[PDB]
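Comments concern the structure below.
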There are 2 protein chains.
Amino acid sequence: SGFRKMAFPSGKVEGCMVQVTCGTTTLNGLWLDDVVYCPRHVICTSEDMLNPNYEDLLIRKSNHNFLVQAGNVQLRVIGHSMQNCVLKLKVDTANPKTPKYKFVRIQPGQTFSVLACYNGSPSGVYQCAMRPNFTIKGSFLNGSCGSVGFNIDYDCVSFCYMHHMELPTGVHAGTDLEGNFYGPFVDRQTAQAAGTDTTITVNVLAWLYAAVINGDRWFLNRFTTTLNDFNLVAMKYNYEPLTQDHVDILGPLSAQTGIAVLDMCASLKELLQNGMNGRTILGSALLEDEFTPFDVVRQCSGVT
Amino acid sequence: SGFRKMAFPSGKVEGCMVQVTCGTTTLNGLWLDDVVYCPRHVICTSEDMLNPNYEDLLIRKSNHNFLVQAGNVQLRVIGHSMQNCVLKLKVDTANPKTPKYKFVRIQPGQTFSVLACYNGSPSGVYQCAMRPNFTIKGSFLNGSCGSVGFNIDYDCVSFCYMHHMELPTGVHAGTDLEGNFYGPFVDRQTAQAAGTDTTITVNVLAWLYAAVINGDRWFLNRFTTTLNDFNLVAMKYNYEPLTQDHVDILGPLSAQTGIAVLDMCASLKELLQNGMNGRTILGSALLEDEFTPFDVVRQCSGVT
Ligand SMILES: *CC(=O)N1CCN(Cc2cccc(C)c2)CC1
Ligand SMILES: *CC(=O)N1CCN(Cc2cccc(C)c2)CC1
């Protein structure tokens, strides 16, 4: 029993982190096989960051200008290329700690673990969600860029995020491992405002299911609703619209608890309309939206 | 910027987890050098758990009855002993992945990471605090026993917790790695109620400092207080008394922010007396007490 904001064990990713230095700029890289992936802004001075021409800046860089250190051992760079907003550095040595891996581009509302790193060294691990506005609410200081987000399926790491940017509002933007930004963001020191941070409705409902499974049941009421009726309330409260696909995805939690998805929708409706009245659910005084239905099943079933 | 509930990277501990099976009971063990540490209740049937005599039960067990598996490789048990509520299994092979380590017995209010494991396999990592009633609010299913809590100082893992028990109220009890329970709990299926779960005041104040550093400042007010005056309010709200030792420990956060500890006490006082009025601090609608002053400094300074 108990329900915690839980990250994947980070060991397999820890074994992949390196330091990348180009001139005076140091950030983190991800060493998989004989390729080191890092943000392309490693090649910039902060002077460059106002309006960098990455293709022009990269012409001035040779393989020997990319200093790649894995622990206290230097890797030999034998090629480099830009793919979107990441650099790929070819090294002469396959990472012996390379796990089974994939590169995935996640959807908004999907959760992942971040291994925060500085100078190629792991500092901590936490759980994030890709927000509906394609930002993430992370914990990233200067030097953290190139830190990655991932999911683990038994022995396979799916890398979904690399950290590139802090918006002036203190939220985070980054890329998949093909170097494509989530959302409309660019690796430029410019006016970039996030859109509406809407609540991930399917995640809240999953977490209400997690609450019932763990004995927090005070919010269960006598009501039901319809998708259309619920969605009128969701709109009013900046909640994502709930789709039949979302209902289908909650089916297993519905089955385990015997609470129909639309009945749990009606509980959520009353919580939105009435608030918590100073009560808590799984130790929270607000509705948590950074657990997926898959996350709730996993934590409630104990998958390794 | 941003502030997250952050666990230590778990790789060094992942390399230490094994499966221990005694007859039909399987839980987790911690393999350090040539010793596997696990809860002594591995030797019980659930029949035994009402009033087990561990010394008598252990007489019936030989080295060959303790099946220890590290990945899919079996370890040879060459000795076994009971120390308090843990078994120490001597194996013929030093764990090659043994990190620099210590065993520490933590104080209430201290935070640590848990690597939740099932059948010797890591499932997830989260951050806990030893509560003032010597319980922890964890996420532990059947098979999770022998999962450990730890802190990391650069390259040294300090193991502070092993998971043994769920109280009927769904909170968690366990031992240090000398097998001494935190609090008054016993490894017996009996009536064991937790005392008052008081709020860790010094941790709340640290997290208010973390909020100010990260731009959440609405709760800062025009007031100060005294330790004695604050402590009258702390008592009323089931907050731990604040000591001058706590004030001394907050000194660095005081210095960084230029907010006197007693001024931040007066902010906390008004928050206790007035509530959040539907506002949030670092994405929370309640006062977070599972970050130590050391944790706030680390996350705010980026230690690896
Ligand atoms: C994440 C990290 O380490 N950072 C330090 C370098 N910064 C460079 C930068 C890139 C893109 C936009 C801006 C404004 C700055 C990024 C943060
Ligand atoms: C943590 C875990 O894996 N558990 C399964 C075995 N249970 C045995 C037990 C020990 C002490 C008290 C009780 C009531 C049960 C513990 C939980």
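Residues are named by chain letter and number: chains run A, B, ... in the order of the structure tokens, numbers start at 1 in each chain, and ligands are numbered from 1 in the order shown.
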Practice problem: Show me which residues sit within 6 Å of ligand 2 when counting only C-alpha atoms and all ligand atoms, and put them as JSON, numbers by chain. | Solution: {"B": [27, 41, 49, 142, 143, 144, 145, 164, 165, 187, 188, 189]}
With the cut-off set at 8 Å and counting only C-alpha atoms, tabulate each residue of chain A with an atom at most that distance from an atom of chain B, showing the nearest atom pair and its distance in Å to one decimal, ordered by chain and increasing number, as a Markdown table.
```
| residue | atom | partner | partner_atom | distance |
| --- | --- | --- | --- | --- |
| A:1 | CA | B:170 | CA | 5.6 |
| A:2 | CA | B:139 | CA | 4.4 |
| A:3 | CA | B:139 | CA | 5.1 |
| A:4 | CA | B:139 | CA | 5.8 |
| A:5 | CA | B:126 | CA | 6.6 |
| A:6 | CA | B:126 | CA | 5.0 |
| A:7 | CA | B:125 | CA | 5.2 |
| A:8 | CA | B:124 | CA | 4.7 |
| A:9 | CA | B:124 | CA | 5.1 |
| A:10 | CA | B:10 | CA | 5.6 |
| A:11 | CA | B:11 | CA | 3.5 |
| A:12 | CA | B:11 | CA | 7.2 |
| A:14 | CA | B:11 | CA | 6.8 |
| A:115 | CA | B:9 | CA | 7.3 |
| A:117 | CA | B:304 | CA | 7.4 |
| A:118 | CA | B:304 | CA | 6.9 |
| A:121 | CA | B:304 | CA | 5.8 |
| A:122 | CA | B:304 | CA | 5.7 |
| A:123 | CA | B:304 | CA | 4.2 |
| A:124 | CA | B:8 | CA | 4.7 |
| A:125 | CA | B:7 | CA | 5.2 |
| A:126 | CA | B:6 | CA | 5.0 |
| A:137 | CA | B:2 | CA | 6.7 |
| A:138 | CA | B:2 | CA | 5.6 |
| A:139 | CA | B:2 | CA | 4.4 |
| A:140 | CA | B:1 | CA | 5.7 |
| A:141 | CA | B:1 | CA | 5.9 |
| A:166 | CA | B:1 | CA | 7.7 |
| A:170 | CA | B:1 | CA | 5.6 |
| A:171 | CA | B:2 | CA | 7.0 |
| A:214 | CA | B:170 | CA | 7.9 |
| A:284 | CA | B:286 | CA | 7.2 |
| A:285 | CA | B:285 | CA | 5.1 |
| A:286 | CA | B:285 | CA | 6.0 |
| A:299 | CA | B:139 | CA | 7.9 |
| A:300 | CA | B:141 | CA | 7.6 |
| A:301 | CA | B:141 | CA | 7.8 |
| A:302 | CA | B:141 | CA | 6.6 |
| A:303 | CA | B:123 | CA | 6.0 |
| A:304 | CA | B:123 | CA | 4.2 |
```
Exercise. Among the residues of range 23-265 of chain B, find those DSSP assigns to helix (DSSP H, G or I) from the backbone and print them as JSON, numbers by chain.
Key: {"B": [40, 41, 42, 43, 46, 47, 48, 49, 50, 54, 55, 56, 57, 58, 59, 63, 64, 65, 201, 202, 203, 204, 205, 206, 207, 208, 209, 210, 211, 212, 213, 227, 228, 229, 230, 231, 232, 233, 234, 235, 236, 244, 245, 246, 247, 248, 249, 251, 252, 253, 254, 255, 256, 257, 261, 262, 263, 264, 265]}
Quiz item: Excluding same-chain residues fewer than 6 positions from residue 247 in chain B, what lies within 12 Å of it counting only C-alpha atoms, as a VMD selection string?
Solution: chain B and resid 201 to 203 205 to 206 226 to 227 241 253 to 255 260 to 265 293
Nearby residues (only C-alpha atoms) at most 7 Å from residue 220 in chain A, same-chain spacing under 2 positions excluded, as an mmCIF file with C-alpha atoms, in the first residue's frame:
```
data_model
loop_
_atom_site.group_PDB
_atom_site.id
_atom_site.type_symbol
_atom_site.label_atom_id
_atom_site.label_comp_id
_atom_site.auth_asym_id
_atom_site.auth_seq_id
_atom_site.Cartn_x
_atom_site.Cartn_y
_atom_site.Cartn_z
ATOM 1 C CA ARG A 217 -12.342 7.081 -0.804
ATOM 2 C CA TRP A 218 -14.017 10.154 0.813
ATOM 3 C CA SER A 267 -16.470 12.430 -8.512
#
```
Exercise. Take CA of residue 64 in chain A and CA of residue 93 in chain A and report the distance between them in Å, one decimal.
Key: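 Spanning CA of residue 64 in chain A to CA of residue 93 in chain A is a straight-line distance of 15.3 Å.
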Would you kindly return, as a CSV table (one decimal) with C-alpha atoms, in the first residue's frame, each protein, DNA or RNA residue with an atom no farther than 12 Å from any atom of residue 179 in chain B, considering only C-alpha atoms and excluding same-chain residues fewer than 6 positions away?
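Okay, this is what ended up in around17.csv:
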```
chain,number,residue,atom,x,y,z
B,37,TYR,CA,21.3,-8.6,4.4
B,38,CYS,CA,17.6,-9.3,4.5
B,39,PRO,CA,14.6,-9.1,6.9
B,40,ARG,CA,14.7,-12.1,9.4
B,41,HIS,CA,10.9,-12.7,8.6
B,81,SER,CA,23.5,-15.2,11.5
B,82,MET,CA,20.7,-13.1,13.0
B,83,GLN,CA,21.5,-9.5,14.1
B,84,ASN,CA,18.4,-7.9,15.7
B,85,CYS,CA,15.7,-8.1,13.0
B,86,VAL,CA,18.0,-8.8,10.0
B,87,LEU,CA,19.7,-12.0,8.7
B,88,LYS,CA,23.3,-11.7,7.5
B,103,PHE,CA,25.4,1.9,7.7
B,104,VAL,CA,23.7,4.9,9.4
B,105,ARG,CA,20.8,5.2,11.7
B,146,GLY,CA,14.2,-6.0,2.0
B,148,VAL,CA,16.4,-0.3,1.2
B,159,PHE,CA,22.2,2.8,3.9
B,160,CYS,CA,19.7,3.9,6.6
B,161,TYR,CA,16.6,1.8,6.0
B,162,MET,CA,15.4,-1.7,5.2
B,163,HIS,CA,11.6,-2.3,4.6
B,164,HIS,CA,10.0,-4.9,7.0
B,173,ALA,CA,8.0,0.4,9.4
B,185,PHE,CA,7.6,-1.5,16.0
B,186,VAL,CA,8.3,-5.3,16.0
B,187,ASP,CA,8.3,-7.8,13.1
```
Exercise. Work out how far apart CA of residue 35 in chain A and CA of residue 94 in chain A are and give it in Å to one decimal.
Key: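 Here the two named atoms are 7.6 Å from each other.
As for CA of residue 238 in chain B and CA of residue 211 in chain A, they are spaced 24.5 Å apart.
Shortest separation to ligand 1 among A:151, A:190, A:110, A:74 occurs at residue A:190, atoms counted being only C-alpha atoms and all ligand atoms.
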